[PDB]
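Novice: Here it is, the structure in full.
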Amino acid sequence: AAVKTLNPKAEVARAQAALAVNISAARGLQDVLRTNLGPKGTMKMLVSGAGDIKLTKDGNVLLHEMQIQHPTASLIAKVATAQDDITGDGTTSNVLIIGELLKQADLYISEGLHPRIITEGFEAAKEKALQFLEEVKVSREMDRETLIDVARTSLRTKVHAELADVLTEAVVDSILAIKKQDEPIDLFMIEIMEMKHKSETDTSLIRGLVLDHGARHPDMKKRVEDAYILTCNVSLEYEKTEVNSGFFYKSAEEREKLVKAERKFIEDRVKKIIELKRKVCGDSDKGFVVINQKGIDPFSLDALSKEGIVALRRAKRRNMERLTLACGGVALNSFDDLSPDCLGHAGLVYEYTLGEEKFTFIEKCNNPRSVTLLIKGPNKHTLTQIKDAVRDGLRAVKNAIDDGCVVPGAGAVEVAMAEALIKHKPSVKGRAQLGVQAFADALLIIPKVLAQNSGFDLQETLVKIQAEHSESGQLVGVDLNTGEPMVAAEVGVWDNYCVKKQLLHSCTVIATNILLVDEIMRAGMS
Amino acid sequence: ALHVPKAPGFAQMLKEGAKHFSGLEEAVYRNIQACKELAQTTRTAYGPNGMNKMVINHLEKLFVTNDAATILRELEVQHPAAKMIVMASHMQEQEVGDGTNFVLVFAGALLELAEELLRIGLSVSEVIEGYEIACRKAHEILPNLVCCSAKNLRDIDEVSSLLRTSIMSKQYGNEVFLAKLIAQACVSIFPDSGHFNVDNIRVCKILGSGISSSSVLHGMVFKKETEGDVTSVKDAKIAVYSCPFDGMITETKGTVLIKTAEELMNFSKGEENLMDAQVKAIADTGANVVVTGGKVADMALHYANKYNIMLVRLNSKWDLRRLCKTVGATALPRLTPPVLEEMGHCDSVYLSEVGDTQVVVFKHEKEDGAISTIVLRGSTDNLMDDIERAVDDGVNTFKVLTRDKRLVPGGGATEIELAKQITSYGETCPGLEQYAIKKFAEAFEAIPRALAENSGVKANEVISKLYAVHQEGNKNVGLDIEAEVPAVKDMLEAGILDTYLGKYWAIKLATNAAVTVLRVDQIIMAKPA
Amino acid sequence: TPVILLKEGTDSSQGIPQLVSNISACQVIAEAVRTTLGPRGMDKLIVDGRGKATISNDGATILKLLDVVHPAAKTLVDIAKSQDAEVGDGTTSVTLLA
Amino acid sequence: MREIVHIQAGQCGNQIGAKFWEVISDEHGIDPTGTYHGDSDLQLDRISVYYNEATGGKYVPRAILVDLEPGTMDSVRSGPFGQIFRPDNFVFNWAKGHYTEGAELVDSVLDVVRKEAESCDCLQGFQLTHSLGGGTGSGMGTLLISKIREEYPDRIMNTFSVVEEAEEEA
Ligand SMILES: Nc1ncnc2c1ncn2[C@@H]1O[C@H](COP(=O)(O)OP(=O)(O)O)[C@@H](O)[C@H]1O
Ligand SMILES: Nc1ncnc2c1ncn2[C@@H]1O[C@H](COP(=O)(O)OP(=O)(O)O)[C@@H](O)[C@H]1O
Ligand SMILES: [Mg+2]
Ligand SMILES: [Mg+2]
Ligand SMILES: [Mg+2]
């Protein structure tokens, strides 16, 4: 080879070897990932080098935690990561369709064809499939029942039915509760918290906020029944001047005077807070809660506790916006313009203790625009799995709201596109008909895999499914408990339109780019 | 010869040192073996007749105990399935505090029984659904067996009789004495409100005489020494400070600057006079003893000795809070004479010696107080640690009794009744889940079987007699330990009871762990680092 | 066999043999201070790593100077220390009795 | 008082920090299991500047451990004095997409340091120990100093960085 004569330590794979390597890697990935698809898929256990345990079924986690050092695997993993971070679902189908496309392409390439013909066929088939998908979709009003169906369909594929029924209502309620009829949905306004006890069927939604820290002074009250809330990020610790400074005294009395005088700056702010509290909560009937993003000295803590104030220090930055949205106050960086209009209201504040950890609950807000999902369970891996499922469900519901349309599922759409493309292909001129046929056969992988996982015969089941949808123009999918054809829309199986669109685009682009590689070379520095 | 090169695909793309197991033969049947072996490891430490076990950890520290949680914590496990079982046991210990061996026995039995169903043909899903149905039925059945609920949690004899069993399961012979001690200690600090904090019972160990010389004290003891000349006070008014017992200085860097000689000659005299004034101002309020959390100065100690003030320095940042709770004082972050509300009151404060140990004692006559302490005397640190663990289990049992008042019979009666009723229910269910339900029912005999084996009798005769006597309608009959011939005894009359909540949580967690282990299909391990 | 339960290097021993072994080790521990009892008892000389010598007739001191690492044997050292701390005399008799 | 918290980054940085914590522990009365044997009060005067005392008398260091490898932290844990660190004070492929790599790692580090600074009363600074010329010290350390400064732009940040014929008239 030319490269070897210049760099004897280089590695190279030429025309046919490169294609063989790429096809082999893609098939190897899909052979492992094909067992995740559908609600009937099995669970994989992953153990790291540190000894941790992770039970999972999601495609992205499996891809990024399975031990592999292949370049094609790296490319496919990057594509799956982009899919995940944009849409939130469809990671496994990406790999399945890419692998099937490469296999079907190699099937015809092995008989002397050139990859460019299959590439043109792929492009034409993609255009036709997008045109068909644009018309197959169903536009609805996106009411609570439709959202419940979509969320249940998206969540049933990760956990069992008993927990999925619990999670669906919480996810839908949170999404609806943080929604206004404009200004597209902004996450980070739903907080995910996990507490390790009280088995997962106790996972709930709180119309308020939960903070993972509590009061630090022993004498502070543990429960407030009607609370004014102050939110701030001003510092109540001792502060040193920016320029270098030092005290020069002459006697012990002067030292005492200086010691007393070095605290007035913070004592002034504490006095301002105390005066506002006494102005607002005249009698001992209400309560006062302070949340600060910065530290609080023990002297300030004692001064506040002497008047019945519940103070929390060093909260996180996003809680500054969350508390404002929920309670309805103003986050302020100075006490120069303090007034009751800067306060918020909360109907209940209390505290819980879990051994070495402490939690604070703010509850009974009037009209909260921010809520919290409280995850519970007896295992760290259980909590992680539930967190991933909740992410999936929230993303699915948000995408369903953002789009005006939803699509029938369970392979009906794949069957319909295959049928349409088969009839379209005679119109094409040349040998691109082979590429169109390969694209259709690749699209027919999802119902096959679903039937295989459910435990039926792939060929017979697909033949029955295609036997229907041709004598009746209905959209027909696979029933996973009987193997018979069914109608997805009537049963209640739904899928996202944006997910399918993105999946088609990404799979076609990656397959086309992979098929055109001429050689693989490693000739740089080691 | 020739070689089998590799399989194309994942087998070639796998990293070096990684492991990939798949299928029933390579994953499930090995996980069941690991869990069964782990259960067999600790099976022999169950019941009153359980034998102690000696474990040395990686730091050459010696443990002697028969507590399942401690044994599992000190062992180091490399197998993930046993790791999940261990976490289930630890969660049970955190939630209740007793029943950490029942979980292991139940999970091992459930898995070893599901193995033969998988062998004869049933799939994993049908086993899982049967187990879940059986668990729900067991939780429904359980309340009807409740008998002899707790009546008064402020009666010493009733509390001792309720707490006897959970201590007798670890210290066979000393259970009466330990129950009396723990009952006194727990009843002392139980408020009017139901709130009972476990942390309010302190344990102090002094090397010396035998266990029978242990005692309970209404107050606090510290293994410290008095810093001053005064050693005893007969009616103590206590001041508590968090700052060091010294003249304070600026937070910013300071410097004494002098331009004449009079200032140089007067500085130290002024400082000494100021310190004397502060100390006398503190002493004028009537304080006898000053407790500080930080450094003391020589001049401050000199003046405190001059004015007859007892000075004690304790330093944990938590012992100070506990002492404040005990006496009724509030820690002061600045050195100022206290106000009456900030002033604590204790009857006796003194320094004593027990078995080559100098201690400082704050003692009350009040039978309630705020906290109490248990002083243990033993001839070996390991023995004292074991007695400490028994005391902890007794305290946890008292707290659980505070949470819920219901009791159920023990020594196998509840398990036999549950097994019989679950078998009767599973007889009438048509389908392929009846086998799983019957196996779940059969798994309950492992507890009486283990008790009989540890006792040293024939388990088959014990189980047959239990079934025969339960067929006549006697729901409170269980294994007899004292007899040398396998026999049965009425548990309600003998007072062998145990809490309802513990059984509930144990069954729930064991079933969840078993089904979670059964749900795994294939395993991917990275190389250890 | 493919994946083992505990870490490699773990040692376990159960049943009558290990109990008999513990009984045997306690005999050696008692033999260490046997001849230091009574008005006609001798004393022992112990040399440590640094060459410093200790001549003693006290049972607790001798047992402390011995570097015992047997888990069953350590109990006889513990009881001797307890007796010394509690009453201050009788450190050999308790070990011999045990 | 005057609490200081510590950050360890990289393999060599983690090793250096482990050595420093070991030696300071032997200097104080702290032992590997987290209890106290020291006989001099001067070993306990300023123990709170470096340690948090848990309920029960145990002490834990005020340290944070970070590396982009599942083997360095495990090696530290396996090595002596590695069990005294709190189990949740650990942060753990190299380059995914996301348009920015390490954004979740830096957020996890910020959350952990916030939780650690919550416990202390009047903290004053951060001691950062990392490689300087290394890739983790320049690129993968995606201006972590800048992120810390933005989070707390009032406290000190002390870093231990590894080191002619024409000469006529005018
Ligand atoms: N109850 C159901 N019956 C038939 N098909 C289903 C059902 N629930 C989900 N599916 C199908 O499973 C497919 C894959 O979903 P899933 O297995 O969660 O992985 P991903 O969503 O990442 O592709 C979806 O296309 C959906 O149509
Ligand atoms: N006197 C007794 N006679 C018969 N069984 C007893 C007696 N005391 C306790 N038990 C039984 O011992 C069983 C287990 O207790 P134990 O050995 O302490 O382990 P754990 O309580 O952690 O499961 C309980 O189910 C109880 O029924
Ligand atoms: Mg999905
Ligand atoms: Mg018990
Ligand atoms: Mg003598």
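Naming works like this for the structure tokens: A, B, ... for the chains as they're shown, residue 1 at the start of each chain, ligands 1 onward in shown order.
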Please find the residues of chain A near chain D - the criterion being any atom within 7 Å, counting only C-alpha atoms - and write them as a PyMOL selection string.
Specialist: chain A and resi 49-50+78+81-82+237+297+314
Novice: List all protein, DNA and RNA residues that have an atom no more than 7 Å from any atom of ligand 4, counting only C-alpha atoms and all ligand atoms, and report them as a ChimeraX atom specification.
Specialist: /B:98-99,166,169
Novice: Let me see the file: selected residues, N, CA, C and O atoms, as a PDB file, in the first residue's frame.
Specialist:
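Result written to part.pdb:
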```pdb
ATOM      1  N   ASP B  98     -34.964  -4.738  63.429  1.00  0.00           N
ATOM      2  CA  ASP B  98     -34.895  -6.127  63.855  1.00  0.00           C
ATOM      3  C   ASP B  98     -35.626  -6.968  62.820  1.00  0.00           C
ATOM      4  O   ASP B  98     -36.755  -6.650  62.441  1.00  0.00           O
ATOM      5  N   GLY B  99     -34.976  -8.035  62.369  1.00  0.00           N
ATOM      6  CA  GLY B  99     -35.538  -8.880  61.337  1.00  0.00           C
ATOM      7  C   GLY B  99     -34.650  -8.950  60.114  1.00  0.00           C
ATOM      8  O   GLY B  99     -35.118  -9.226  59.007  1.00  0.00           O
ATOM      9  N   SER B 166     -37.104  -9.883  72.295  1.00  0.00           N
ATOM     10  CA  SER B 166     -36.123  -9.405  71.327  1.00  0.00           C
ATOM     11  C   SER B 166     -34.713  -9.368  71.896  1.00  0.00           C
ATOM     12  O   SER B 166     -33.750  -9.295  71.127  1.00  0.00           O
ATOM     13  N   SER B 169     -33.544 -13.323  72.224  1.00  0.00           N
ATOM     14  CA  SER B 169     -33.075 -13.901  70.973  1.00  0.00           C
ATOM     15  C   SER B 169     -31.584 -13.685  70.736  1.00  0.00           C
ATOM     16  O   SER B 169     -31.045 -14.228  69.767  1.00  0.00           O
TER      17      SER B 169
END
```
Novice: Please give me, as a PDB file with C-alpha atoms, in the first residue's frame, the residues lying within 7 Å of ligand 1 when counting only C-alpha atoms and all ligand atoms.
Specialist:
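Result file part38.pdb:
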```pdb
ATOM      1  CA  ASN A  36     -34.830  -3.919  24.504  1.00  0.00           C
ATOM      2  CA  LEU A  37     -37.647  -2.994  22.130  1.00  0.00           C
ATOM      3  CA  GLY A  38     -41.225  -3.095  23.383  1.00  0.00           C
ATOM      4  CA  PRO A  39     -42.815  -3.527  26.808  1.00  0.00           C
ATOM      5  CA  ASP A  58     -32.983   2.310  27.941  1.00  0.00           C
ATOM      6  CA  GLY A  59     -30.961   2.198  24.738  1.00  0.00           C
ATOM      7  CA  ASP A  89     -37.108   8.884  22.949  1.00  0.00           C
ATOM      8  CA  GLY A  90     -36.435   6.498  20.091  1.00  0.00           C
ATOM      9  CA  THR A  91     -32.820   5.583  20.849  1.00  0.00           C
ATOM     10  CA  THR A  92     -33.191   1.837  20.226  1.00  0.00           C
ATOM     11  CA  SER A  93     -35.124   2.144  16.962  1.00  0.00           C
ATOM     12  CA  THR A 153     -47.641   4.431  26.346  1.00  0.00           C
ATOM     13  CA  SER A 154     -44.258   6.088  26.897  1.00  0.00           C
ATOM     14  CA  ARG A 156     -45.151   1.340  30.255  1.00  0.00           C
ATOM     15  CA  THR A 157     -41.993   0.377  28.331  1.00  0.00           C
ATOM     16  CA  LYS A 158     -39.647   1.050  31.281  1.00  0.00           C
ATOM     17  CA  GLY A 409     -48.067   3.149  16.956  1.00  0.00           C
ATOM     18  CA  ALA A 410     -47.085  -0.535  17.213  1.00  0.00           C
ATOM     19  CA  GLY A 411     -45.585  -0.739  13.713  1.00  0.00           C
ATOM     20  CA  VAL A 478     -49.413  -5.859  16.313  1.00  0.00           C
ATOM     21  CA  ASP A 479     -51.200  -7.116  19.423  1.00  0.00           C
ATOM     22  CA  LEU A 480     -48.574  -8.250  21.920  1.00  0.00           C
ATOM     23  CA  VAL A 493     -51.201   3.246  21.570  1.00  0.00           C
ATOM     24  CA  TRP A 494     -49.711   6.579  20.513  1.00  0.00           C
ATOM     25  CA  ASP A 495     -46.342   7.902  19.354  1.00  0.00           C
TER      26      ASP A 495
END
```
Novice: Tell me, as a ChimeraX atom specification, which residues lie within 10 Å of stretch 101-110 of chain B, counting only C-alpha atoms; anything in the same chain fewer than 5 positions away does not count.
Specialist: /B:32-40,42-43,45-47,67-69,82,85-86,88-90,92-93,115,131,436,439-447,450,503,505-515,517
Novice: Report as a ChimeraX atom specification all protein, DNA and RNA residues lying within 8 Å of residue B:400, evaluated on only C-alpha atoms, omitting residues in the same chain fewer than 3 positions from it.
Specialist: /B:96,396-397,403-404,499,501
Novice: Once you count only C-alpha atoms and all ligand atoms, what closest atom pair and distance in Å to one decimal does each residue of chain C within 9 Å of ligand 5 have, with rows by chain and rising residue number, as a Markdown table?
Specialist:
```
| residue | atom | partner | partner_atom_place_in_ligand_line | distance |
| --- | --- | --- | --- | --- |
| C:37 | CA | ligand 5 | 1 (Mg) | 7.4 |
| C:38 | CA | ligand 5 | 1 (Mg) | 7.8 |
| C:58 | CA | ligand 5 | 1 (Mg) | 7.6 |
| C:59 | CA | ligand 5 | 1 (Mg) | 8.3 |
| C:88 | CA | ligand 5 | 1 (Mg) | 8.8 |
| C:89 | CA | ligand 5 | 1 (Mg) | 5.3 |
| C:90 | CA | ligand 5 | 1 (Mg) | 4.9 |
| C:91 | CA | ligand 5 | 1 (Mg) | 6.8 |
| C:92 | CA | ligand 5 | 1 (Mg) | 7.2 |
| C:93 | CA | ligand 5 | 1 (Mg) | 8.1 |
```
Novice: What is the distance between atom CA of residue B:401 and atom CA of residue B:167, in Å to one decimal?
Specialist: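 These atoms are spaced 14.6 Å apart.
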Novice: For a quick test of understanding: name the residues of chain C lying within 6 Å of chain B when counting only C-alpha atoms, and present them as a list in words.
Specialist: residues 5, 6, 79, 82, 85 and 86 of chain C
Novice: Just C-alpha atoms for this one: save the residues we selected as a PDB file, in the first residue's frame.
Specialist:
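Wrote it out as result-v3.pdb, contents follow:
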```pdb
ATOM      1  CA  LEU C   5     -19.129 -14.749  46.408  1.00  0.00           C
ATOM      2  CA  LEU C   6     -16.391 -13.329  48.644  1.00  0.00           C
ATOM      3  CA  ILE C  79      -9.368 -10.689  81.101  1.00  0.00           C
ATOM      4  CA  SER C  82      -9.518  -6.267  83.217  1.00  0.00           C
ATOM      5  CA  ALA C  85      -7.543  -2.544  86.183  1.00  0.00           C
ATOM      6  CA  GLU C  86     -10.252  -3.651  88.615  1.00  0.00           C
TER       7      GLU C  86
END
```
Novice: Atom CA of residue A:170 and atom CA of residue A:203, how far apart in Å?
Specialist: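 If I compute the distance from atom CA of residue A:203 to atom CA of residue A:170, I get 8.7 Å.
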Novice: List the neighbours of stretch 22-25 of chain A out to 8 Å using only C-alpha atoms; skip same-chain residues closer than 4 positions along the sequence, and give me the result as a list in words.
Specialist: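 What passes the distance filter is residues 18, 29, 70, 72, 73, 99, 102, 103, 106 and 514 of chain A; 8, 9, 10 and 13 of chain B.
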Novice: Please write the residues from the selection above to a file, keeping N, CA and C atoms, as a PDB file, in the first residue's frame.
Specialist:
```pdb
ATOM      1  N   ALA A  18     -13.115  -2.150   4.420  1.00  0.00           N
ATOM      2  CA  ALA A  18     -13.780  -1.090   5.169  1.00  0.00           C
ATOM      3  C   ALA A  18     -15.280  -1.340   5.258  1.00  0.00           C
ATOM      4  N   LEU A  29     -23.768  -4.395  16.983  1.00  0.00           N
ATOM      5  CA  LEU A  29     -24.511  -3.522  17.889  1.00  0.00           C
ATOM      6  C   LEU A  29     -25.996  -3.873  17.906  1.00  0.00           C
ATOM      7  N   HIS A  70     -15.001   0.585  19.373  1.00  0.00           N
ATOM      8  CA  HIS A  70     -15.070   0.565  17.922  1.00  0.00           C
ATOM      9  C   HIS A  70     -15.458   1.934  17.370  1.00  0.00           C
ATOM     10  N   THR A  72     -17.065   2.802  14.503  1.00  0.00           N
ATOM     11  CA  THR A  72     -18.446   2.833  14.035  1.00  0.00           C
ATOM     12  C   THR A  72     -19.420   2.854  15.204  1.00  0.00           C
ATOM     13  N   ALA A  73     -19.113   2.104  16.263  1.00  0.00           N
ATOM     14  CA  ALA A  73     -19.914   2.178  17.476  1.00  0.00           C
ATOM     15  C   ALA A  73     -19.889   3.582  18.060  1.00  0.00           C
ATOM     16  N   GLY A  99     -28.847  -0.568  11.471  1.00  0.00           N
ATOM     17  CA  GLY A  99     -28.298  -1.886  11.201  1.00  0.00           C
ATOM     18  C   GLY A  99     -29.018  -2.592  10.070  1.00  0.00           C
ATOM     19  N   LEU A 102     -28.041  -1.050   6.700  1.00  0.00           N
ATOM     20  CA  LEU A 102     -26.720  -1.467   6.238  1.00  0.00           C
ATOM     21  C   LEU A 102     -26.731  -2.912   5.751  1.00  0.00           C
ATOM     22  N   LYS A 103     -27.431  -3.796   6.465  1.00  0.00           N
ATOM     23  CA  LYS A 103     -27.500  -5.193   6.045  1.00  0.00           C
ATOM     24  C   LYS A 103     -28.173  -5.330   4.683  1.00  0.00           C
ATOM     25  N   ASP A 106     -25.874  -4.073   1.917  1.00  0.00           N
ATOM     26  CA  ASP A 106     -24.812  -5.020   1.594  1.00  0.00           C
ATOM     27  C   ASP A 106     -25.347  -6.223   0.833  1.00  0.00           C
ATOM     28  N   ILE A 514     -22.243   6.319   5.775  1.00  0.00           N
ATOM     29  CA  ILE A 514     -21.440   5.131   6.060  1.00  0.00           C
ATOM     30  C   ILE A 514     -21.178   4.345   4.782  1.00  0.00           C
TER      31      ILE A 514
ATOM     32  N   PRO B   8     -17.986 -13.362  15.469  1.00  0.00           N
ATOM     33  CA  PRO B   8     -18.025 -12.001  14.923  1.00  0.00           C
ATOM     34  C   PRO B   8     -19.062 -11.140  15.629  1.00  0.00           C
ATOM     35  N   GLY B   9     -18.746  -9.860  15.756  1.00  0.00           N
ATOM     36  CA  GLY B   9     -19.683  -8.890  16.297  1.00  0.00           C
ATOM     37  C   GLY B   9     -19.301  -8.450  17.704  1.00  0.00           C
ATOM     38  N   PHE B  10     -20.237  -8.602  18.643  1.00  0.00           N
ATOM     39  CA  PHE B  10     -20.014  -8.121  20.002  1.00  0.00           C
ATOM     40  C   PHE B  10     -18.877  -8.873  20.677  1.00  0.00           C
ATOM     41  N   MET B  13     -15.868  -7.118  19.499  1.00  0.00           N
ATOM     42  CA  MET B  13     -15.801  -5.710  19.874  1.00  0.00           C
ATOM     43  C   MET B  13     -15.746  -5.489  21.379  1.00  0.00           C
TER      44      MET B  13
END
```
Novice: Give me the residues within 12 Å of residue A:500 as a PyMOL selection string, counting only C-alpha atoms and dropping any in the same chain fewer than 5 places off.
Specialist: chain A and resi 83+87-91+93-94+97+129-130+132-134+136-137+399+406-409+411+413-414+443+494-495+505-507
